[PDB]
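Here Cβ is always computed from backbone atoms with ideal geometry, including for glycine, and neighbour counts include all displayed protein chains. Each answer follows from the model by the rule given with it, or from the source it names; nothing here is a laboratory result.
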Amino acid sequence: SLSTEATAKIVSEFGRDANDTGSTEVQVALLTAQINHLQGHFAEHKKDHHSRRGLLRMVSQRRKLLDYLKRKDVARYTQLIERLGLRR
Amino acid sequence: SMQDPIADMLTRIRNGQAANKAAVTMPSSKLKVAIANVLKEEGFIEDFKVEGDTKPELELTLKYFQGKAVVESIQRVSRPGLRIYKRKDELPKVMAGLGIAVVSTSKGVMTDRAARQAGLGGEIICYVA
Amino acid sequence: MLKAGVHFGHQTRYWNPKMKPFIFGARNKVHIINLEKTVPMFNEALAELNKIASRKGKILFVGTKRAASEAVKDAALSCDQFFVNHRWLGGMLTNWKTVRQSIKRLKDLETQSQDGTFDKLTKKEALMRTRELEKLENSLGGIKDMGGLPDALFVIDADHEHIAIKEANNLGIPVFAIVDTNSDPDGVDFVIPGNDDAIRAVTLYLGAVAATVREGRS
RNA sequence: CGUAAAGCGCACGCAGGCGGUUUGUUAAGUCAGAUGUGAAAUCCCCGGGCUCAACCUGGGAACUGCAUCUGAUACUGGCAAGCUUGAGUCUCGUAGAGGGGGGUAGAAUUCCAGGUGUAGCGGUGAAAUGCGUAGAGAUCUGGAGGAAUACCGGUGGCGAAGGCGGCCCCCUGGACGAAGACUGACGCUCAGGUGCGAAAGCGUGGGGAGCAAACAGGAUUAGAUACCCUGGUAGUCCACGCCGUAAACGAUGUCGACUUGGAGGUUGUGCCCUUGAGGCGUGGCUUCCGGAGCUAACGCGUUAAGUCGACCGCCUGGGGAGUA
């Protein structure tokens with residue numbers, strides 16, 4: 001699980017208004033940080049299929065959130081992917 | 001998920017008249033209020049009421065002429081998977097006129113007989129009998 | 001009134017949702033019978049029993065519960081009432097044509113029961129004779145004075161006499177019945193609530209149904 | 001489409017299908033009217049002519065269709081602005097054999113060495129093969145190795161399914177709850193596609209204590225290529241790859257809503273008399289009985305096989321055959 005201090009840091013970084021933990025950029029950034037940490041986990045632990053199912057659930061949730069943000073506001077989507085570093 | 005709130009409305013009405021509920025409480029909409037107006041005008045229900053401004057809640061007070069219910073049958077005709085649009089000479093009669101067919105026409109939602117008097121067609125919301 | 005509503009409900013589990021319009025629910029989950037719903041159906045029931053007694057029809061009240069049937073069999077018989085008290089034989093109203101053979105047997109065994117044919121062959125015929133007389137009297141009772149096809153039918157407990165209300169529904173006879181929480185009120189033409197097991201409740205209800213039915217109209 | 005044929009073994013998802021609620025609009029669908037057309041002949045409805053009828057023929061109707069012109073949003077579809085009630089995120093906690101890696105512990109089986117001790121042990125319905133007269137079995141001591149974790153243990157718990165049971169640590173997935181905040185339809189299902197997927201089996205390298213296909217011996221039997229016994233190899237165990245099937249079942253696909261009840265289990269929480277594993281509510285997950293209803297019946301029955309809605313998969317008599 002992502003730590004409370006780490007989630008607070010990402011919420012404060014990606015929220016242009018205070019207490020914006022539910023916004024699409026904050027959710028996508030939280031999911032991206034957990035995905036990078038789990039890639040570091042699964043490199044040491046292959047064959048963890050039960051945790052990889054939760055990883056794929058988080059990947060699908062992040063992709064659907066990014067699709068919604070791309071449909072809603074393309075400038076916010078481009079700014080988020082250019083400060084996160086994904087979808088080349 | 002929920003795709004047909006109108007079918008959920010008629011489903012709740014049918015389950016209430018089967019379970020002898022006096023009133024059915026559910027979320028509402030403009031189409032739900034229109035169908036409740038048609039049912040109240042034709043006498044299949046007693047009353048309908050909207051409560052609340054944040055979450056509009058519809059209450060229908062079901063009526064019973066006997067121990068049995070008033071509505072003998074209620075079915076959804078136009079579905080999200082299949083919408084039925086019929087013209088003024090093609091919209092049907094339920095029970096050879098003893099029932100009604102709630103139809104959404106170009107000027108409003110009303111009885112099939114009222115739509116035939118108005119000379120308009122549309123999609124049949126439901127069959128009431 | 002102060003006479004009704006004192007009787008409280010028992011058997012707090014396995015009640016009926018059809019009964020649930022008649023329970024208070026107070027006294028920590030004990031199903032108390034509501035007085036204001038008990039009384040008006042009771043008043044209308046006695047109005048319609050006054051209507052039946054105006055026709056001079058048969059009332060046919062039945063009670064077969066333990067420690068109450070001995071009160072039922074004697075207390076509610078003023079002059080012309082008709083009772084069933086114990087060992088309620090199934091299907092009496094539906095095949096009363098062939099129960100008429102048994103009641104003619106009861107009439108013939110009651111005729112010359114204290115003299116003559118049953119006194120000859122003093123003991124060996126007579127012990128089987130007395131056992132047959134007492135079992136047939138226990139089985140029928142007031143049916144011999146009833147004479148078949150009653151106008152109304154009164155029931156002291158719908159759950160215990162669910163068979164009786166079923167064949168009364170089959171024959172179209174109106175049913176006046178006191179029910180409990182566990183009993184079904186759907187098949188009863190005139191449902192009144194109360195406690196079936198209570199000796200006080202059964203005695204006061206029997207006195208109430210014996211009241212103003214003795215005379216009918218005239 | 002539980003049992004007659006039929007729900008993919010399970011899940012994630014592209015296209016596609018459908019989509020909560022409020023306010024503005026050309027109207028694309030849709031609706032209404034009109035026009036152009038939809039050849040004539042042939043079905044249809046009123047008439048005539050053949051002596052009647054078939055047959056011919058006058059007019060109308062019909063050709064349910066396709067284009068063009070005019071209208072508001074009643075609904076669906078697009079655009080614009082919203083809302084939270086669907087979905088999700090954060091704070092604080094709770095239970096759990098959920099998964100991956102490592103370490104360790106205790107019974108017990110087997111083997112080796114040794115001490116005591118003698119003529120049987122083992123096995124079966126009976127025996128016999130087998131072990132033991134080179135000392136078995138039995139008892140005790142020390143050592144070695146592998147596998148599974150007695151009790152707790154449960155009509156318990158977790159996981160999408162397969163499945164997961166000693167203890168401890170590390171990494172990690174999911175679920176649930178009081179309360180508050182946030183985003184604002186971001187949702188449901190998903191043919192192809194991808195991933196997971198018991199046991200048996202296959203490849204390479206290890207390990208191998210019990211168990212044990214194959215194999216051998218002895219029984220049984222008329223025969224016994226078996227059931228039984230005595231052994232016993234692959235395998236069962238570990239690492240990395242395949243295989244992708246099961247009576248993979250709840251023979252019941254997933255999501256959402258509504259619909260009488262009772263008895264328990266498990267797991268959170270609010271109040272009461274802080275005095276108790278005592279009382280009253282609200283959630284989740286579950287076990288059994290049962291009302292209406294449904295069903296051919298058995299039965300299912302708020303976790304439906306009841307009442308509907310969205311989407312996908314499958315069936316069209318048995319055998320041949322899930323075969324070529």
Out of (1) within 16 Å of RNA strand D (Cβ to nearest atom); (2) more than 14 Å from every other protein chain (Cβ to nearest Cβ); (3) loosely packed, with under 11 Cβ neighbours inside 10 Å, the one C:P17 does not meet is (2)
Scan C:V191, C:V202, C:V209, C:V175 and give me the residue that is without any contact (Cβ under 8 Å) to a residue 40 or more places away in the chain and in contact with a helix residue (DSSP H, G or I) (Cβ under 9 Å, 6 or more places away or on another chain). C:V175
Please go through (1) near RNA strand D (Cβ under 10 Å from one of its atoms); (2) out of contact with any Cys (no Cβ under 9 Å at 6 or more places or on another chain); (3) of a type in the set (A, V, I, L, M, F, W, C) for B:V77 and return the number of the only condition it doesn't satisfy. (2)
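I'd like the full set of residues that are surrounded by fewer than 18 Cβ atoms within 10 Å (Cβ to Cβ), part of a loop (DSSP other than H, G, I, E, B) and of a type outside the set (S, T, Y), limited to segment C:66-92. Quick ask: steps written out before the conclusion?
Residues of segment C:66-92 that are surrounded by fewer than 18 Cβ atoms within 10 Å (Cβ to Cβ), as a first pass: C:66-67, C:70-71, C:73-75, C:77-80, C:86-91.
Keeping just the survivors that are part of a loop (DSSP other than H, G, I, E, B) gives C:66-67, C:77-80, C:86-91.
C:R66, C:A67, C:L77, C:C79, C:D80, C:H86, C:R87, C:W88, C:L89, C:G90, C:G91 - these are the residues of segment C:66-92 that are surrounded by fewer than 18 Cβ atoms within 10 Å (Cβ to Cβ), part of a loop (DSSP other than H, G, I, E, B) and of a type outside the set (S, T, Y).
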Residue under question is B:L10, and the condition is that it be within 6 Å of RNA strand D (Cβ to nearest atom), in a helix (DSSP H, G or I), under 20 Å from B:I125 (Cα atoms) and in contact (Cβ under 8 Å) with a residue 60 or more places away in the chain; does it hold? no
Select from segment B:91-110 the residues that are surrounded by fewer than 17 Cβ atoms within 10 Å (Cβ to Cβ) and either away from RNA strand D (no atom under 11 Å from the Cβ) or in the same structural domain as B:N20 (by CATH) (or both) and list them in ascending order. B:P92, B:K93, B:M95, B:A96, B:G97, B:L98
I'd like the residue in segment A:39-54 that is assigned to a helix (DSSP H, G or I) and within 6 Å of RNA strand D (Cβ to nearest atom) and, out of all such residues, is surrounded by the fewest Cβ atoms within 10 Å (Cβ to Cβ). A:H50
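With the requirement that a residue be out of contact with any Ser or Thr (no Cβ under 9 Å at 6 or more places or on another chain) and touching a residue at least 24 places away in the same chain (Cβ under 8 Å), what does segment B:65-81 give you?
From segment B:65-81, those out of contact with any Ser or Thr (no Cβ under 9 Å at 6 or more places or on another chain) are B:65-73, B:75, B:77, B:79-81; that's our starting set.
Within segment B:65-81, B:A69, B:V70, B:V71, B:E72, B:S73, B:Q75, B:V77, B:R79, B:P80 qualify.
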Cβ-Cβ under 9 Å pairs, at least 6 apart or on other chains, segment A:7-20 side within 14 Å of chain B (Cβ to nearest Cβ), far side surrounded by 12 or more Cβ atoms within 10 Å (Cβ to Cβ) and assigned to a loop (DSSP other than H, G, I, E, B): none
Test B:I84 against the stated conditions and say whether it is among the hydrophobic types (A, V, I, L, M, F, W, C), in contact (Cβ under 8 Å) with a residue 12 or more places away in the chain and within 20 Å of B:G16 (Cβ to Cβ). no
Filtered residue count, segment B:91-115, keeping only those that are part of a helix (DSSP H, G or I), touching a strand residue (DSSP E or B) at 6+ places or on another chain (Cβ under 9 Å) and farther than 24 Å from B:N15 by Cα: 4
Of the numbered conditions (1) free of Cβ contacts under 8 Å to residues at least 60 places away in the same chain; (2) more than 9 Å from RNA strand D (Cβ to nearest atom), B:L39 fails exactly one; give the number of that condition. (1)
Would you mind finding the one in B:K49, B:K88 that is part of a strand (DSSP E or B) and surrounded by 12 or more Cβ atoms within 10 Å (Cβ to Cβ)? B:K49
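Name the single residue, out of those in segment B:27-64 being polar (S, T, N, Q) and over 23 Å from B:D112 (Cβ atoms), that is farthest from the chain's Cα centre (by Cα). Before you say what the answer is, go through the steps one by one.
Initially, segment B:27-64 is screened for residues polar (S, T, N, Q), giving B:28-29, B:37, B:54, B:61.
Now restrict to residues that are over 23 Å from B:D112 (Cβ atoms): B:28, B:54, B:61.
Working: B:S28: 13, B:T54: 24, B:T61: 14 Å.
Out of the qualifying residues, it is B:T54.
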In segment A:63-88, residue farthest from the other protein chains (Cβ to nearest Cβ) [restricted to those that are under 12 Å from the mean Cα position of the chain (by Cα) and near RNA strand D (Cβ under 10 Å from one of its atoms)]: A:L66
